[PDB]
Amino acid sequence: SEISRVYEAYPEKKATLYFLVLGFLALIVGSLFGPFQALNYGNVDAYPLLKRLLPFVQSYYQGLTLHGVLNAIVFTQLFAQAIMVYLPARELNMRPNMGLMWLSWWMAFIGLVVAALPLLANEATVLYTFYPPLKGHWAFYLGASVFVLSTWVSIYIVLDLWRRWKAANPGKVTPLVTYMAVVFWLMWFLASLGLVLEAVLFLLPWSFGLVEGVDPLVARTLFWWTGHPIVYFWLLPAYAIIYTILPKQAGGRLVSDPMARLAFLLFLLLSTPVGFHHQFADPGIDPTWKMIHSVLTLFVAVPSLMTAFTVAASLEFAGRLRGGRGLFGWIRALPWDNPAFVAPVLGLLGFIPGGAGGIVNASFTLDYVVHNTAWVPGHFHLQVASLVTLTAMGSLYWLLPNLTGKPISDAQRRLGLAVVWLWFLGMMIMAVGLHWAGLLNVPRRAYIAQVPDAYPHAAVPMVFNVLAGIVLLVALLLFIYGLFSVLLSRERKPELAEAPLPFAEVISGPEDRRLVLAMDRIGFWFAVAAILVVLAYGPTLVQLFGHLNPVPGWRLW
């Protein structure tokens, strides 16, 4: 049936390509807004312009709803699927149950579109959090709840591939990438309950017309069950890429199979029971529970630091492999002329200030110093907007050959770089603006350009914000010409397209064996996963159902 027959041999390339293009359009649409939001914090109202340009945007708030929902819910969802299915698949040279996989992609696209409609329409400006009582169009919630259920498909699909690879290999340790994605999708499952409880139990009845109110203290404690771990579900696909592909683009080998399983293991143990850190300023939630999740959230920062060493040491060892030699010898030896590489490694750099952001945030009482301020977007752009995202960008310059057969012309490649550096220096500039302004009490989710005399002392950050606005505008634009020219390109020389993903080899130890074996107790720890959820969101959910107090929704835009 095919003249790129691909898809009767490796058809999973078909599903993956599609997914990922979705993501990126989501990202290209959502992000359109961001530079505007940027000049806003710049104290410059670009919404006259934007408004004209695309004329259907009613308010800053709809803008920030699209940018929010499409960039951080939708774009990171379609990357995670694409990656944490297409890789475990290939490391096992196995075909994902492709019946389901296109169910997966369909749910997504339906869900998205079902949902996208009220949003362009202005009928669900309630932010990517859709904190009730602000009350969204029913086609928003069913829209979103499907598109997220779209990942329960993918949970099964992957567990499929695990189930059967083990039928083919009795007494044989789960290979790394496949192992990562199992403990991943389990993790996501525990974590996905919260929003899914909130959508079924409350959001849908209430928005369908089938009740007058949701109690908004539950509404948001269910929301945060999920709504924390989700950032871990954005982040881990980029760790997969970083841990087991990056060091080979780097010139090198990953220095520990065990270590990377260890960290992943920990994101199944401590990613889900921690979302009262998001509620340090909530009422009716007991200070000791808040202090426990405060403790738990500190533990969860641990895997990520261990990641710091494993990943930095790999890139270091490569550095010395390509004849690096000072204390920073190893750095300039790395292949700075590769977008596959430059992207996540720049992303990793602004992860260092980004993490130090999270750890503050997570320290309970210290949160009262920055909660709901520009500070927050500061932290969270460093994390997902740069790290997860740039990883995604760089991985065009390998995933795209792998999946299209289309190659990267040396002048498309020189573009990537420009973008990846233009993007990164943007975030960094914008980081400083937000964090700073954040600390001068500048709130967040606010059209502050509309009350231009209101943040007297934010004068100087506001400049960084302006400038970053211009930079990432330029940056984003370059990225559109680039993306639609690595795709609007008939020249496919797919000798490089069958070509298998540049996985990185391990430096094994003797320890490897006894320890990798204990972390492969997968079923067991996934129970400790739900034990930890039960005990944590446990006597709090007890309570707030013992005392529901639903309240009429409002629409206020």
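Just count from 1 along the sequence shown to find any residue number.
> Averaging CA B factors per stretch from the PDB record, which one is higher: 180 to 188 or 482 to 490?
Mean B over CA atoms: larger for 482 to 490.
> Give the stretch, out of 5 to 13 and 530 to 538, with the larger mean C-alpha temperature factor in the deposited entry.
Comparing 5 to 13 with 530 to 538, the higher average CA B-factor belongs to 5 to 13.
> Would you mind finding, among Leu298, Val153, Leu195, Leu366, the residue with the largest C-alpha temperature factor in the entry?
Among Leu298, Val153, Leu195, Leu366, the PDB entry lists the largest C-alpha B-factor for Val153.
> Could you tell me which one of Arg444, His379, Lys248, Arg95 shows the highest CA temperature factor in the PDB record?
That would be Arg95, according to the entry.
> Quick one: classify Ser508 as lowest, middle or highest third of the chain based on its Cα B-factor.
Within its chain, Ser508 is a highest-third residue by C-alpha B-factor, going by the deposited values.
> Of the three thirds of its chain by CA temperature factor, lowest, middle or highest, which one includes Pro237?
It falls in the middle third of the chain.
> Give the position of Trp138 by CA B-factor within its chain, expressed as the lowest, middle or highest third.
As the PDB entry reports it, the C-alpha B-factor of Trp138 lands in the highest third of its chain.
> State the tercile, meaning the lowest, middle or highest third, of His228 with respect to the CA B-factors recorded for its chain.
Its C-alpha B-factor belongs to the lowest third of this chain's values.
> Which third of the chain does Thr244 land in by C-alpha B-factor: lowest, middle or highest?
Answer is middle: the recorded C-alpha B-factor places it there.
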